>>> print(open('data_4.csv').read())   # CSV, C-alpha atoms and all ligand atoms
chain,number,residue,atom,x,y,z
R,1,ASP,CA,115.6,107.3,117.4
R,2,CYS,CA,113.8,107.8,114.1
R,3,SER,CA,115.5,105.8,111.2
R,4,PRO,CA,112.9,103.5,109.6
R,5,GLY,CA,115.1,100.3,109.9
R,6,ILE,CA,115.5,100.5,113.7
R,7,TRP,CA,113.8,98.0,115.9
R,8,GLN,CA,113.9,97.5,119.7
R,9,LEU,CA,113.6,93.9,121.0
R,10,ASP,CA,113.0,92.9,124.6
R,11,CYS,CA,111.4,90.2,126.8
R,12,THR,CA,109.0,90.7,129.6
R,13,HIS,CA,107.6,88.3,132.1
R,14,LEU,CA,103.9,87.8,132.9
R,15,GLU,CA,102.1,85.0,134.7
R,16,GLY,CA,105.3,83.0,134.9
R,17,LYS,CA,105.5,83.4,131.1
R,18,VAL,CA,107.8,85.2,128.7
R,19,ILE,CA,106.7,87.7,126.1
R,20,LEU,CA,109.0,88.8,123.4
R,21,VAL,CA,108.2,92.4,122.3
R,22,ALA,CA,109.6,94.1,119.2
R,23,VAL,CA,109.0,97.9,118.8
R,24,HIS,CA,109.4,99.8,115.5
R,25,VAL,CA,111.2,102.8,117.1
R,26,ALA,CA,110.1,105.4,114.5
R,27,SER,CA,106.3,104.5,114.6
R,28,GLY,CA,105.7,102.8,118.0
R,29,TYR,CA,104.3,99.8,116.1
R,30,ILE,CA,104.6,96.6,118.1
R,31,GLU,CA,104.8,92.8,117.4
R,32,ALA,CA,104.8,90.5,120.4
R,33,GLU,CA,104.3,87.0,121.4
R,34,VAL,CA,104.5,84.6,124.3
R,35,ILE,CA,107.5,82.4,123.8
R,36,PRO,CA,108.0,79.0,125.5
R,37,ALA,CA,111.3,80.2,127.1
R,38,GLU,CA,113.8,83.0,127.0
R,39,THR,CA,116.4,81.4,124.6
R,40,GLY,CA,118.5,82.3,121.6
R,41,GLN,CA,116.5,79.8,119.4
R,42,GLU,CA,113.3,81.7,120.2
R,43,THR,CA,114.9,85.1,119.7
R,44,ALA,CA,116.6,84.1,116.4
R,45,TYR,CA,113.3,82.7,115.1
R,46,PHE,CA,111.4,85.8,116.1
R,47,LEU,CA,114.1,88.0,114.3
R,48,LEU,CA,113.9,85.9,111.0
R,49,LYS,CA,110.1,86.3,111.1
R,50,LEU,CA,110.3,90.0,111.7
R,51,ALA,CA,113.0,90.6,109.0
R,52,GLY,CA,110.8,88.8,106.3
R,53,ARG,CA,107.9,91.1,107.0
R,54,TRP,CA,109.6,94.5,107.5
R,55,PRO,CA,112.9,96.1,106.3
R,56,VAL,CA,114.9,95.5,109.5
R,57,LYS,CA,118.3,97.1,109.4
R,58,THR,CA,119.3,97.4,113.0
R,59,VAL,CA,118.0,96.0,116.3
R,60,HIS,CA,118.6,97.4,119.7
R,61,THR,CA,117.8,95.7,123.1
R,62,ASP,CA,117.9,96.7,126.7
R,63,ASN,CA,119.6,93.4,127.6
R,64,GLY,CA,122.7,93.1,125.4
R,65,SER,CA,123.4,89.5,126.5
R,66,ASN,CA,120.1,88.7,124.6
R,67,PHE,CA,122.2,88.8,121.5
R,68,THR,CA,125.2,86.7,122.4
R,69,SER,CA,124.0,83.3,121.3
R,70,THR,CA,125.4,81.7,118.1
R,71,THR,CA,121.9,81.1,116.9
R,72,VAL,CA,120.9,84.8,117.3
R,73,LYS,CA,124.1,86.0,115.6
R,74,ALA,CA,123.4,83.5,112.7
R,75,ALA,CA,119.9,84.8,112.2
R,76,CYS,CA,121.1,88.4,112.1
R,77,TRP,CA,123.9,87.4,109.8
R,78,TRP,CA,121.6,85.7,107.4
R,79,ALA,CA,119.0,88.5,107.4
R,80,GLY,CA,121.6,91.2,107.2
R,81,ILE,CA,120.7,92.8,110.6
R,82,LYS,CA,123.1,94.8,112.6
R,83,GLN,CA,123.1,95.7,116.3
R,84,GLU,CA,122.1,99.3,116.9
R,85,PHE,CA,124.6,101.3,118.9
R,86,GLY,CA,123.1,104.8,118.3
R,87,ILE,CA,120.6,104.3,121.2
R,88,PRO,CA,122.3,104.6,124.6
R,89,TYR,CA,121.3,102.8,127.8
R,90,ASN,CA,120.1,104.9,130.7
R,91,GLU,CA,109.4,104.5,126.0
R,92,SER,CA,108.3,102.0,128.6
R,93,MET,CA,106.3,100.0,126.1
R,94,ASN,CA,106.5,97.0,128.4
R,95,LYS,CA,104.3,98.7,131.1
R,96,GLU,CA,101.9,100.2,128.5
R,97,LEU,CA,101.5,96.8,126.7
R,98,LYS,CA,101.1,95.1,130.1
R,99,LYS,CA,98.4,97.8,130.9
R,100,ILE,CA,96.5,96.8,127.7
R,101,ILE,CA,97.1,93.0,128.4
R,102,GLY,CA,95.6,93.5,131.8
R,103,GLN,CA,92.6,95.3,130.3
R,104,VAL,CA,91.7,92.4,127.9
R,105,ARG,CA,93.0,89.5,130.1
R,106,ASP,CA,89.5,88.2,130.9
R,107,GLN,CA,88.5,88.4,127.2
R,108,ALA,CA,90.6,85.2,126.7
R,109,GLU,CA,91.6,82.1,128.7
R,110,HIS,CA,95.2,81.9,127.4
R,111,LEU,CA,97.8,84.7,127.9
R,112,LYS,CA,99.1,84.2,124.3
R,113,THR,CA,95.6,85.2,123.0
R,114,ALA,CA,95.4,88.2,125.3
R,115,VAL,CA,98.8,89.3,124.1
R,116,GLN,CA,97.8,89.3,120.5
R,117,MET,CA,94.6,91.2,121.4
R,118,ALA,CA,96.7,93.8,123.2
R,119,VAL,CA,99.0,94.1,120.2
R,120,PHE,CA,96.0,94.6,118.0
R,121,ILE,CA,94.6,97.3,120.3
R,122,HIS,CA,97.9,99.1,120.6
R,123,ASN,CA,98.6,99.1,116.9
R,124,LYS,CA,95.1,100.3,115.8
R,125,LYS,CA,94.6,103.1,118.5
R,126,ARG,CA,94.6,106.5,116.9
R,127,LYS,CA,96.5,109.3,118.8
R,128,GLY,CA,96.0,111.3,115.0
R,129,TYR,CA,97.4,108.2,113.2
R,130,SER,CA,97.6,104.7,114.7
R,131,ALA,CA,101.0,103.0,115.1
R,132,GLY,CA,99.9,100.6,112.3
R,133,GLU,CA,99.2,103.5,109.9
R,134,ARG,CA,102.4,105.2,111.0
R,135,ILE,CA,104.7,102.2,110.2
R,136,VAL,CA,103.3,101.7,106.7
R,137,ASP,CA,103.5,105.5,106.1
R,138,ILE,CA,107.1,105.6,107.3
R,139,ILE,CA,108.2,102.5,105.3
R,140,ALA,CA,106.3,103.4,102.1
R,141,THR,CA,107.7,106.9,102.1
R,142,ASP,CA,111.2,105.5,102.7
R,143,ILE,CA,110.8,103.4,99.4
R,144,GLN,CA,109.9,106.4,97.3
G,1,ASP,CA,91.1,90.1,93.7
G,2,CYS,CA,92.5,93.5,94.5
G,3,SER,CA,90.9,95.1,97.5
G,4,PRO,CA,93.6,95.9,100.2
G,5,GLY,CA,91.9,94.1,103.0
G,6,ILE,CA,91.6,90.7,101.4
G,7,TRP,CA,93.8,87.9,102.6
G,8,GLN,CA,94.0,84.2,101.5
G,9,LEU,CA,94.7,81.6,104.2
G,10,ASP,CA,95.7,78.0,103.6
G,11,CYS,CA,97.7,75.1,105.1
G,12,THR,CA,100.3,73.0,103.2
G,13,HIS,CA,102.1,69.9,104.3
G,14,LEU,CA,105.8,69.4,104.1
G,15,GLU,CA,108.1,66.8,105.8
G,16,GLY,CA,105.1,65.5,107.8
G,17,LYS,CA,104.6,69.0,109.0
G,18,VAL,CA,102.0,71.7,108.5
G,19,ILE,CA,102.7,75.2,107.2
G,20,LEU,CA,100.1,77.9,107.5
G,21,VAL,CA,100.3,80.4,104.6
G,22,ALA,CA,98.6,83.8,104.5
G,23,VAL,CA,98.7,85.7,101.2
G,24,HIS,CA,97.9,89.4,100.8
G,25,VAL,CA,96.0,89.1,97.6
G,26,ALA,CA,96.6,92.6,96.2
G,27,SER,CA,100.4,92.4,96.7
G,28,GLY,CA,101.5,88.8,96.8
G,29,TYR,CA,103.0,89.4,100.2
G,30,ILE,CA,103.2,86.3,102.4
G,31,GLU,CA,103.3,85.4,106.0
G,32,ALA,CA,103.8,81.8,106.9
G,33,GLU,CA,104.8,79.4,109.7
G,34,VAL,CA,105.0,75.8,110.6
G,35,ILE,CA,102.3,75.0,113.1
G,36,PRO,CA,102.2,72.1,115.5
G,37,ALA,CA,99.0,70.8,114.0
G,38,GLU,CA,96.2,71.8,111.7
G,39,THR,CA,93.6,73.0,114.3
G,40,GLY,CA,91.2,75.8,114.9
G,41,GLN,CA,93.3,77.0,117.9
G,42,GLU,CA,96.3,77.4,115.6
G,43,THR,CA,94.3,79.1,112.8
G,44,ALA,CA,92.5,81.5,115.2
G,45,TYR,CA,95.9,82.4,116.8
G,46,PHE,CA,97.5,83.1,113.4
G,47,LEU,CA,94.5,85.3,112.4
G,48,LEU,CA,94.6,87.4,115.6
G,49,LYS,CA,98.3,87.9,115.0
G,50,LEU,CA,97.8,88.8,111.4
G,51,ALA,CA,94.9,91.2,112.2
G,52,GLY,CA,97.0,93.2,114.7
G,53,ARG,CA,99.7,93.7,112.2
G,54,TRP,CA,97.7,94.5,109.0
G,55,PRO,CA,94.2,95.9,108.2
G,56,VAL,CA,92.5,92.5,107.6
G,57,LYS,CA,88.9,93.0,106.4
G,58,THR,CA,88.2,89.6,104.8
G,59,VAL,CA,89.8,86.2,104.5
G,60,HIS,CA,89.3,83.6,101.9
G,61,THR,CA,90.5,80.0,102.0
G,62,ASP,CA,90.6,77.1,99.6
G,63,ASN,CA,89.3,74.8,102.4
G,64,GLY,CA,86.1,76.3,103.8
G,65,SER,CA,85.9,73.8,106.6
G,66,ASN,CA,89.1,75.5,107.9
G,67,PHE,CA,86.8,78.2,109.3
G,68,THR,CA,84.1,76.2,111.0
G,69,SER,CA,85.6,75.9,114.5
G,70,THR,CA,84.1,78.0,117.3
G,71,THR,CA,87.6,79.2,118.1
G,72,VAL,CA,88.3,80.5,114.5
G,73,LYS,CA,84.8,82.2,114.4
G,74,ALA,CA,85.5,83.9,117.8
G,75,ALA,CA,88.9,85.2,116.5
G,76,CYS,CA,87.3,86.6,113.4
G,77,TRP,CA,84.4,88.1,115.4
G,78,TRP,CA,86.8,89.7,117.9
G,79,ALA,CA,89.1,91.2,115.2
G,80,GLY,CA,86.1,92.2,112.9
G,81,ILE,CA,87.1,89.9,110.1
G,82,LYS,CA,84.6,88.6,107.5
G,83,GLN,CA,84.8,85.6,105.2
G,84,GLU,CA,85.5,86.6,101.6
G,85,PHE,CA,82.9,85.3,99.1
G,86,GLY,CA,84.0,87.4,96.1
G,87,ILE,CA,86.7,84.9,95.2
G,88,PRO,CA,85.2,81.7,93.7
G,89,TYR,CA,86.6,78.2,93.9
G,90,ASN,CA,87.8,76.6,90.6
G,91,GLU,CA,98.1,81.8,92.2
G,92,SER,CA,99.7,78.6,93.4
G,93,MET,CA,101.7,80.3,96.1
G,94,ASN,CA,102.0,76.9,97.8
G,95,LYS,CA,104.2,75.4,95.0
G,96,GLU,CA,106.2,78.6,94.6
G,97,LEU,CA,106.8,78.9,98.4
G,98,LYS,CA,107.7,75.2,98.5
G,99,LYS,CA,110.1,75.9,95.6
G,100,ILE,CA,111.9,78.5,97.6
G,101,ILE,CA,111.7,76.4,100.8
G,102,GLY,CA,113.5,73.6,98.8
G,103,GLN,CA,116.1,76.0,97.7
G,104,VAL,CA,117.1,77.1,101.2
G,105,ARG,CA,116.3,73.8,103.0
G,106,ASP,CA,119.9,72.9,103.6
G,107,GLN,CA,120.7,76.5,104.9
G,108,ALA,CA,118.9,75.4,108.1
G,109,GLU,CA,118.4,72.3,110.2
G,110,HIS,CA,114.7,72.9,111.2
G,111,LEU,CA,111.9,73.3,108.6
G,112,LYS,CA,110.4,76.2,110.6
G,113,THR,CA,113.7,78.2,110.1
G,114,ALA,CA,113.7,77.3,106.4
G,115,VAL,CA,110.1,78.5,106.0
G,116,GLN,CA,110.9,82.0,107.5
G,117,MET,CA,113.9,82.2,105.2
G,118,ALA,CA,111.7,81.4,102.3
G,119,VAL,CA,109.1,84.0,103.3
G,120,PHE,CA,112.0,86.5,103.6
G,121,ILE,CA,113.2,85.6,100.1
G,122,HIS,CA,109.7,85.7,98.6
G,123,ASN,CA,108.8,89.1,100.2
G,124,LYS,CA,112.1,90.9,99.3
G,125,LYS,CA,112.5,89.7,95.6
G,126,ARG,CA,112.0,92.5,93.1
G,127,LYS,CA,109.9,91.7,90.0
G,128,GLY,CA,109.9,96.0,89.7
G,129,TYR,CA,108.8,96.2,93.3
G,130,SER,CA,109.0,93.5,95.9
G,131,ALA,CA,105.9,92.0,97.5
G,132,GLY,CA,107.0,93.7,100.8
G,133,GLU,CA,107.2,97.1,99.1
G,134,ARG,CA,103.9,96.5,97.3
G,135,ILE,CA,102.0,95.7,100.5
G,136,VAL,CA,103.1,98.9,102.3
G,137,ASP,CA,102.5,100.9,99.2
G,138,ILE,CA,99.0,99.5,98.8
G,139,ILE,CA,98.1,99.9,102.5
G,140,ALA,CA,99.7,103.4,102.9
G,141,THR,CA,97.9,104.7,99.8
G,142,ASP,CA,94.6,103.2,101.1
G,143,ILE,CA,95.0,105.4,104.3
G,144,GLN,CA,95.5,108.6,102.4
M,201,LIG,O1,90.7,81.8,125.0
M,201,LIG,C1,91.7,81.7,124.3
M,201,LIG,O2,92.9,81.9,124.7
M,201,LIG,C2,91.6,81.4,122.8
M,201,LIG,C3,90.3,80.6,122.7
M,201,LIG,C4,89.0,81.3,122.3
M,201,LIG,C5,89.0,82.8,122.0
M,201,LIG,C6,89.3,83.1,120.6
M,201,LIG,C7,89.3,84.4,120.2
M,201,LIG,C8,89.0,85.4,121.2
M,201,LIG,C9,88.8,85.1,122.5
M,201,LIG,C10,88.8,83.7,122.9
M,201,LIG,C11,87.8,80.5,122.2
M,201,LIG,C12,86.6,81.1,121.9
M,201,LIG,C13,85.4,80.3,121.8
M,201,LIG,CL1,83.9,81.0,121.4
M,201,LIG,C14,85.5,78.9,122.1
M,201,LIG,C15,86.7,78.3,122.5
M,201,LIG,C16,87.9,79.0,122.5
M,201,LIG,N1,89.0,78.5,122.9
M,201,LIG,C17,90.2,79.1,123.0
M,201,LIG,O3,91.2,78.5,123.3
M,202,LIG,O1,119.0,75.6,111.9
M,202,LIG,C1,118.0,76.1,112.4
M,202,LIG,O2,116.9,75.6,112.1
M,202,LIG,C2,118.1,77.3,113.3
M,202,LIG,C3,119.4,77.2,114.0
M,202,LIG,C4,120.6,78.0,113.4
M,202,LIG,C5,120.4,78.9,112.2
M,202,LIG,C6,120.0,80.2,112.5
M,202,LIG,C7,119.9,81.1,111.5
M,202,LIG,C8,120.1,80.7,110.1
M,202,LIG,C9,120.4,79.4,109.9
M,202,LIG,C10,120.6,78.4,110.9
M,202,LIG,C11,121.9,77.9,114.1
M,202,LIG,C12,123.0,78.5,113.6
M,202,LIG,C13,124.2,78.4,114.3
M,202,LIG,CL1,125.7,79.3,113.7
M,202,LIG,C14,124.3,77.6,115.4
M,202,LIG,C15,123.2,76.9,115.9
M,202,LIG,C16,122.0,77.0,115.3
M,202,LIG,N1,120.9,76.3,115.7
M,202,LIG,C17,119.7,76.4,115.2
M,202,LIG,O3,118.8,75.7,115.7
M,203,CA,CA,127.4,77.1,119.5
M,204,CA,CA,82.8,74.7,121.0
M,205,CL,CL,88.1,80.4,126.2
M,206,CL,CL,121.9,74.1,112.6
>>> encode(input="data_4.csv", output="structure tokens")
Amino acid sequence: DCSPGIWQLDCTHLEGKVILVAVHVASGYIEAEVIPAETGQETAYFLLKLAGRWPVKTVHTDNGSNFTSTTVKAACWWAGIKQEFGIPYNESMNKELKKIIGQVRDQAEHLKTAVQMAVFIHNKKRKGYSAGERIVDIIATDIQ
Amino acid sequence: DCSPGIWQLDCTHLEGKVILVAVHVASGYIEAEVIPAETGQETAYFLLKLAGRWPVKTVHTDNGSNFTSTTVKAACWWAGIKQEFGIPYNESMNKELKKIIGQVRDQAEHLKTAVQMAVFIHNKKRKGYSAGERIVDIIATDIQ
């Protein structure tokens, strides 16, 4: 998709741990972190954090049951976030992010550190704007 | 100050808990969260997260000893962050953010939720651009 308010939110597993990945669809910009466990509390918290930082209008996921908890629904309600239905189920940021995580894995002891390093590398890499430059360009243009 | 790479990073205390607050100096845009405890590990982790999301060149703090830990220094080294020395010690986002936190405190059980709600309110409030609009404007203009 390409609307500037659309985000994709999924969890991946690595080293018996859970990584929450949010992708700004229009830009490829990512935010991610290791979460203690795959729960509605964690997801709702991540969403509130995301919505305070970017203009999040709609969120899609590849696992719809991710968004059934009362806590998630309350976070989306409070922040004014809707579920995206204009993206069908049939990218692979998860493999690409895991590729980068594997590249920097030894640069840190804890996976959570490695994940942030990978996010940094992903968002700054030019290919020629970076995802980080693209998101601010897309959002700033959408204001004016 | 007004350079687009300058951030201010402090901790506040509330309800026997610790809130890490990062302020984009040029825009007034904030990121914050409740951290388990006031440690170098927590600060370094916050900094890596921040640097992967925004172009962080320099960081100032009101408590210089915040940045003495080996872990913090390594995070700044890795991300290419320098300590800001162009801002002297003699804003009050901490009182203003605590004001908003107190306004929404009952809207959530856990302080960490309240804090994100306050960040959201702060960043979206027009006064007439919002801090959230100002930061993307400042950063996007600084690319082109
Ligand atoms: O390895 C981790 O997961 C973070 C970490 C780092 C570190 C911080 C930034 C980049 C890479 C590693 C660290 C670094 C030093 Cl010089 C000493 C203790 C340290 N202790 C830690 O826990
Ligand atoms: O109160 C918290 O700190 C978060 C939270 C919320 C909540 C989520 C977003 C905004 C406000 C509160 C919640 C909401 C419902 Cl409808 C049910 C269980 C819930 N349980 C929780 O832990
Ligand atoms: Ca319930
Ligand atoms: Ca040491
Ligand atoms: Cl280490
Ligand atoms: Cl509650």
>>> atom_distance(input="data_4.csv", atom1="CA of residue 144 (chain G)", atom2="CA of residue 133 (chain R)")
9.8 Å
>>> closest_residue(input="data_4.csv", among="G:98, G:82, G:126, G:134", to="chain R", atoms="only C-alpha atoms")
G:134
>>> closest_atom_pairs(input="data_4.csv", of="region 38-134 of chain G", to="region 59-74 of chain R", cutoff="12 Å", atoms="all atoms listed in the file", output="JSON lines")
{"residue": "G:107", "atom": "CA", "partner": "R:74", "partner_atom": "CA", "distance": 10.8}
{"residue": "G:108", "atom": "CA", "partner": "R:74", "partner_atom": "CA", "distance": 10.3}
{"residue": "G:109", "atom": "CA", "partner": "R:71", "partner_atom": "CA", "distance": 11.6}
{"residue": "G:113", "atom": "CA", "partner": "R:71", "partner_atom": "CA", "distance": 11.0}
>>> atom_distance(input="data_4.csv", atom1="CA of residue 51 (chain G)", atom2="CA of residue 81 (chain G)")
8.2 Å
>>> residues_around(input="data_4.csv", residues="residue 110 (chain R)", least_positions_apart="4", cutoff="12 Å", atoms="all atoms listed in the file", output="PyMOL selection string")
(chain R and resi 14-15+17+34+101+104-106+114-117) or (chain G and resi 41+45)
>>> interface_residues(input="data_4.csv", of="chain G", to="chain R", cutoff="9 Å", atoms="all atoms listed in the file", output="ChimeraX atom specification")
/G:29-33,45,48-55,78-79,112-113,116-124,132-141,143
>>> axis_aligned_box(input="data_4.csv", around="region 71-86 of chain G", padding_each_side="3 Å", output="lines of an AutoDock Vina configuration file")
center_x = 86.0
center_y = 85.7
center_z = 107.1
size_x = 12.2
size_y = 19.0
size_z = 28.0
>>> build_atoms(input="data_4.csv", residues="region 43-56 of chain R", atoms="N, CA, C and O atoms", output="PDB file, keeping the file's coordinate frame")
ATOM      1  N   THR R  43     114.598  83.760 120.092  1.00  0.00           N
ATOM      2  CA  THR R  43     114.900  85.100 119.700  1.00  0.00           C
ATOM      3  C   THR R  43     115.277  85.113 118.157  1.00  0.00           C
ATOM      4  O   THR R  43     114.822  85.970 117.394  1.00  0.00           O
ATOM      5  N   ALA R  44     116.094  84.142 117.754  1.00  0.00           N
ATOM      6  CA  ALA R  44     116.600  84.100 116.400  1.00  0.00           C
ATOM      7  C   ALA R  44     115.408  83.857 115.457  1.00  0.00           C
ATOM      8  O   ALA R  44     115.320  84.469 114.389  1.00  0.00           O
ATOM      9  N   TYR R  45     114.499  82.979 115.890  1.00  0.00           N
ATOM     10  CA  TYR R  45     113.300  82.700 115.100  1.00  0.00           C
ATOM     11  C   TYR R  45     112.403  83.888 114.984  1.00  0.00           C
ATOM     12  O   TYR R  45     111.924  84.202 113.893  1.00  0.00           O
ATOM     13  N   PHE R  46     112.171  84.578 116.093  1.00  0.00           N
ATOM     14  CA  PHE R  46     111.400  85.800 116.100  1.00  0.00           C
ATOM     15  C   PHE R  46     112.028  86.852 115.082  1.00  0.00           C
ATOM     16  O   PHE R  46     111.309  87.468 114.275  1.00  0.00           O
ATOM     17  N   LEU R  47     113.350  87.012 115.148  1.00  0.00           N
ATOM     18  CA  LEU R  47     114.100  88.000 114.300  1.00  0.00           C
ATOM     19  C   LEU R  47     113.927  87.640 112.777  1.00  0.00           C
ATOM     20  O   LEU R  47     113.687  88.533 111.983  1.00  0.00           O
ATOM     21  N   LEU R  48     114.124  86.374 112.402  1.00  0.00           N
ATOM     22  CA  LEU R  48     113.900  85.900 111.000  1.00  0.00           C
ATOM     23  C   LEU R  48     112.486  86.247 110.542  1.00  0.00           C
ATOM     24  O   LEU R  48     112.276  86.711 109.408  1.00  0.00           O
ATOM     25  N   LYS R  49     111.516  85.973 111.405  1.00  0.00           N
ATOM     26  CA  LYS R  49     110.100  86.300 111.100  1.00  0.00           C
ATOM     27  C   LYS R  49     109.926  87.746 110.880  1.00  0.00           C
ATOM     28  O   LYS R  49     109.358  88.171 109.877  1.00  0.00           O
ATOM     29  N   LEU R  50     110.415  88.535 111.827  1.00  0.00           N
ATOM     30  CA  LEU R  50     110.300  90.000 111.700  1.00  0.00           C
ATOM     31  C   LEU R  50     111.009  90.509 110.433  1.00  0.00           C
ATOM     32  O   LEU R  50     110.427  91.324 109.697  1.00  0.00           O
ATOM     33  N   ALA R  51     112.218  90.038 110.150  1.00  0.00           N
ATOM     34  CA  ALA R  51     113.000  90.600 109.000  1.00  0.00           C
ATOM     35  C   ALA R  51     112.305  90.250 107.644  1.00  0.00           C
ATOM     36  O   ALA R  51     112.546  90.967 106.661  1.00  0.00           O
ATOM     37  N   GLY R  52     111.497  89.186 107.583  1.00  0.00           N
ATOM     38  CA  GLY R  52     110.800  88.800 106.300  1.00  0.00           C
ATOM     39  C   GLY R  52     109.601  89.618 106.046  1.00  0.00           C
ATOM     40  O   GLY R  52     109.074  89.645 104.918  1.00  0.00           O
ATOM     41  N   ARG R  53     109.164  90.310 107.092  1.00  0.00           N
ATOM     42  CA  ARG R  53     107.900  91.100 107.000  1.00  0.00           C
ATOM     43  C   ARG R  53     108.215  92.583 106.917  1.00  0.00           C
ATOM     44  O   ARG R  53     107.500  93.297 106.187  1.00  0.00           O
ATOM     45  N   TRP R  54     109.279  93.059 107.554  1.00  0.00           N
ATOM     46  CA  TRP R  54     109.600  94.500 107.500  1.00  0.00           C
ATOM     47  C   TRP R  54     111.111  94.699 107.141  1.00  0.00           C
ATOM     48  O   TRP R  54     111.902  93.772 107.277  1.00  0.00           O
ATOM     49  N   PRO R  55     111.490  95.908 106.659  1.00  0.00           N
ATOM     50  CA  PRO R  55     112.900  96.100 106.300  1.00  0.00           C
ATOM     51  C   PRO R  55     113.739  96.423 107.574  1.00  0.00           C
ATOM     52  O   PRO R  55     114.030  97.592 107.851  1.00  0.00           O
ATOM     53  N   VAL R  56     114.144  95.373 108.280  1.00  0.00           N
ATOM     54  CA  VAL R  56     114.900  95.500 109.500  1.00  0.00           C
ATOM     55  C   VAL R  56     116.381  95.669 109.244  1.00  0.00           C
ATOM     56  O   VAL R  56     117.040  94.761 108.731  1.00  0.00           O
TER      57      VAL R  56
END
